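Working notes, beginning with the structure itself.
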């Protein structure tokens, strides 16, 4: 029962493959190799630099200067060692490219992507200090590039849009800001994946409700919060939750934040969630502070979310002449980038519904973080979560049902989860709610409850024969799902083992009859029941209750 | 007494090593890195070029096309496989880059720098099929440049040297031809260093005919000789000798070779060897077919032999702009290249000494090759070897000793070895000598013999004083090196353990006495004695020998 050794071992070294992988690397969307893009870069208006046996001549091959340093330090350093060394070098490089008046920043955004790749390739048993060094350096690069996110609510009467239309420098700084935020994101993601003992080693002064303005400049209330950076800062908030929920003395780690900063966070989280989702113009600009509508003048993946069209990347290729060592990028029409099929739009709408998912997940994570009471907690925020549930019940029943479009699946599973959200506050959390809050809104909550209190008719389908018609009427998109997914996807979708086709003819009921806000699982009705029919507060006394009961039949 | 395992090395993969080494190589002399030199290459007058998933656009990055092919085929092939794949691709490349009317060949030589770095890199189990593919391809490449090594015997009264004065395409084709013959050298010696099993499978009469074309082209008897190609070609002859002395039944390869071709080689060896060494104008042009003058036109190392000033090295760098993808080389002056210190001239005296070492060394080798006789076996070896012995005896004593320059040490070790050559003749090959030959030159052989028969006085040393005086007279330069060596560059040249201070004194005694033309080895004189004082031929009966005996004393 012994097991022997493997004699075949020809192990490709970590650094060799790393080095090459970066050399030829290709980003999603463009044409040309990463380092090789780099080989057509020259840093002119700064005629020289030197930091650490790292000369660059005036008209030097930045590229061959990059790969130069890389390869040369190759036979010097080791995996993690070469990592932190290049991080510091290219970081200093960023700073050099940063503080200069006439300098163009073309190179900068390519280097940020390079660093992401690096830390993403092999983030093993490293140490945070390097991460923090880059991290702070780039947050305050962002305070160097703070001249972006807090541009106004909108135009003036005359903040003219007559323009050089240089998406070039727009995409420049958008890549910059995004990519950089995305740094924040990812290097934190590996702070989000270091040995859990070092969650406290990720502590930073900028992370303590500061980082220049960071989150403030991001989720503006007087400017345009932009879906990318929106994602970013809110993700950082998620990072805070993350550090909250992983090490036993979470109490210590939580102590860092300033109370006002908790507030400045969760408040603008509310301000996020009480915006809206309308595929009508998700891809044009409209009423502000309300429409997470990702204008075209930026639309690509982002460095870790393969979101959609990436109607940019090919223009990343376009950026360089790919044949001449150059400093300023190639022109792009701000408008040529982007009625064929709103299906790409509908898939990113399912991704905006995934964003509402993560927003509710962050609110549930905030609930988890709050073991006791908080100053940031409004108290009636539980009723405000039920207010969100009530809108996506009324307007659910009234609009998005009957529209043969897969957005329904999450537009329902969302509030199916908000059930868990509220059901958490069934009783265990009923010791802070000022009566002020519960009766400032007596109207909405009972509606939230009575939604399943009237759903508990529990007597609609009991079979298929009627309701296969229900499905046929609009669920045809879910039929596209069933047909493509069973056609050539998975293995539990082909050869149905004589019980999952029965699960078809029933689960299909329980999902397609589950479109129009009707017939929710015995948990749903009983989770709401164990909350309402318990008289822990005077919502439901019979002298004002059988009007509901008689409304149920009874 | 076991020794434990040591597998915990972080082993650099052989393929990865090869890759990175090529990727950053810089050659001996220039300023720039191989692959990036490559990165400054465009192949223009061939607007498309393509052989095997190896597209290159018109103005495309040659160099990036390399690194592309390199890296892609990396995660394809193993070591040897990556070799042969390159070899085929680059071979097709070179072939067409050759066969083209308006094409300039800039890339070709630099790719030939590739050729070297590559094929040299690991010749361990490489197969002769690939070797010969490259090989023939380059020999007939050479016959595509056969328009070089047979340029006339001298500049005619009408032939002008008014010029575009470019050293460019001269150095271009010079590198080409040389580097190519240098291929011939390197790959053929990887043949000789392959296992003896993989030998005859490569040798066909095609080798004889193709190399016969090139040799005839090269060691001209009716044009300008050209020292580098002179080198290369003759060592290929040495390669023939090598396969002879190595194949246990070398009769196979010998029968392969043609009698006319042995003749057209050994005869041109005679043409080479009866030239002369004159450091007076080793660096200008004089009586031809007699002086191996390595002019600046082709003066660098050569892809092995680090001969000296290598004065072309950095001018290799100056060939590319090292800033822009380009097709035709950057200009160089034909004359700026190249009274300060003729110590370089004397480095070369030592080297051309190593060359005449090669002359006598190959002639020795063929000597031992033909234990049985042959057709080119003719005795003119006896004639001319003894002849060279005579001339470097007489002119030795009248000119070269006493000139306080360490050339004489090797200049004499030469003929001290030719002693072994002739003594080999005496032991073995005295069953062919023609009366024709012995009485065409009764003169020079007896001269040679009596040169040490008059030396055999054996009556010099008797003390230290006179010989140390001789030393102070002549051995000045030899002691410059002796003291550089004892004071700079040796473990043994400190802490003499009291049994070698006498070694110092008497060894310097013997070396200085052996410096001044006199009292050569007891082995020398008795081995020569066993030839003359033995009466195997009627050179020396007493009736006509005692006049020399009395002319020695006796």
Fill in the blank from the handout: Expressed in angstrom and rounded, the centroid-to-centroid distance over alpha carbons for the range B:268-320 and the range B:213-263 is 21
Problem - Mean separation of Cα contacts under 8 Å, 6 or more apart, over the residue count of the range A:395-554: relative contact order % - result: 40
Exercise for the section: Would you kindly calculate the mean projected area, averaged across all directions, of the convex hull enclosing the Cα atoms of the range A:399-554, in square nanometres? Expected result: 11.8
Handout entry: CD proxy at 222 nm, helix term only [per DSSP H run n ≥ 4: -39500 (n - 2.57); per residue of the protein assembly as shown; nearest 500]
Key = -17000 deg cm²/dmol
Handout entry: When the convex hull of its Cα atoms is projected in every direction, mean area for the range B:219-348 (nm²)
Key = 11.8
Handout entry: Peptides A:344-351, B:452-459 ordered by average Cβ neighbours within 10 Å, highest first
Key = A:344-351, B:452-459
Problem - Rounded to whole Å, sorted largest first: equivalent-ellipsoid semi-axes of the range B:1-122, Cα gyration tensor - result: 33, 16, 12
Fill in the blank from the handout: Restricting to Cα pairs under 8 Å and 6 or more apart, the percent relative contact order of the range B:466-554 works out to 28
Problem - Gain on full stretching of the segment that runs from residue A:433 to residue A:473 - 0.36 nm per residue minus C-alpha separation - result: 10.0 nm
Practice task
Quickly work out the residue B:9-to-residue A:255 label distance, labels modelled 7 Å from Cα along the C-beta direction, and quote it in nm with one decimal.
Solution key: 5.2
Exercise for the section: State the antiparallel share, in %, of DSSP beta bridges confined to the protein assembly as shown, rounding to the nearest 5. Expected result: 65
Fill in the blank from the handout: Using alpha carbon positions and the Kirkwood radius, the Rg to Rh ratio of the range B:147-194 is 1.19
Practice task
Starting from the Cα of residue A:545, step 7 Å toward the Cβ, then list every residue of the range A:433-450 with an amide N under 20 Å from that point.
Solution key: A:438-439, A:442-450
Completion exercise
Cα extents of the range B:46-97 per principal axis, largest first, Å, are 32, 20, 15
Practice task
Would you mind pulling out the separation of the Cα centroids of the range A:134-172 and the range B:148-186, in Å?
Solution key: 62
Completion exercise
Sorted shortest first, the nm distances from the residue A:552 label point (7 Å along Cα→Cβ) to its counterparts in the other copies are 13.8
Exercise for the section: Mind giving me the FRET efficiency for residue B:498 and residue B:523? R0 is 25 Å, r the Cβ-Cβ distance, nearest 0.05 is fine. Expected result: 0.30
Completion exercise
Kirkwood calc, the range B:322-402, C-alpha pairs only, radius in angstrom 17.5
Handout entry: For B:316-329, mean number of other protein chain Cβ atoms within 10 Å
Key = 1
Exercise for the section: Mind jotting down the distance between the C-alpha centroids of the range A:333-393 and the range A:450-513, whole Å? Expected result: 27
Handout entry: Size of the range B:289-337 as Cα extents on the principal axes (Å, biggest first)
Key = 44, 22, 17
Exercise for the section: Using the 7 Å Cα-to-Cβ label point, sort the distances from residue B:17 to its equivalents in the other copies shortest first and give them in nm to one decimal. Expected result: 2.0
Completion exercise
Between residue A:378 and residue A:284, the two model label points (7 Å from Cα along the beta-carbon direction) sit apart by a distance in nm of 3.2
Fill in the blank from the handout: In units of 2.2 N^0.38 Å, the Cα radius of gyration of the range A:448-532 is 1.27
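What is the calculated FRET efficiency for residue B:341 to residue B:417, with r their C-beta to C-beta distance and R₀ = 35 Å, to the nearest 0.05?
It comes to 0.70.
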Handout entry: Full-extension gain in nm, residue B:98 to residue B:213, via 0.36 nm per residue minus C-alpha separation
Key = 39.6 nm
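Any idea what the relative contact order of the range B:258-334 is, in percent, if you count C-alpha pairs under 8 Å spaced at least 6 apart?
16
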Exercise for the section: Give the chain A residue with the shortest beta-carbon distance to the rotation axis relating chain A to chain B, plus that distance as a whole number of Å. Expected result: A:16, 2
Handout entry: Rg in Å to one decimal, and Dmax rounded to a whole Å, for chain A via C-alpha atoms
Key = 27.3, 88
Completion exercise
Taking only the Cα positions of the range A:118-200, the convex hull volume per residue in Å³ is 108
Practice task
With the convex hull built on the Cα atoms of the protein assembly as shown, state its orientation-averaged projected area in nm².
Solution key: 67.4
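Taking N as the number of residues in the range B:419-468, what is its Cα Rg relative to 2.2 N^0.38 Å?
1.67
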Handout entry: Gain in span if fully extended, residue B:155 to residue B:46, counting 0.36 nm per residue against the direct Cα distance
Key = 35.7 nm
Completion exercise
One decimal, nm, nearest first: from residue A:289 to the same residue in each other copy, label points 7 Å out along Cα→Cβ, the values are 10.3
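Please find the FRET efficiency linking residue A:2 to residue A:510, where r is the Cβ-Cβ separation and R0 is fixed at 51 Å, and quote it to the nearest 0.05.
That gives a FRET efficiency of 0.50.
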Fill in the blank from the handout: Simple spin-label estimate for residue B:224/residue A:454, 7 Å along Cα→Cβ, in nm, reads 10.6
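We did not get these values from a lab; they are worked out from the coordinates using the rules stated. Here the Cβ is made from the backbone with ideal geometry for all residues, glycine too, and neighbour counts use every protein chain on show.
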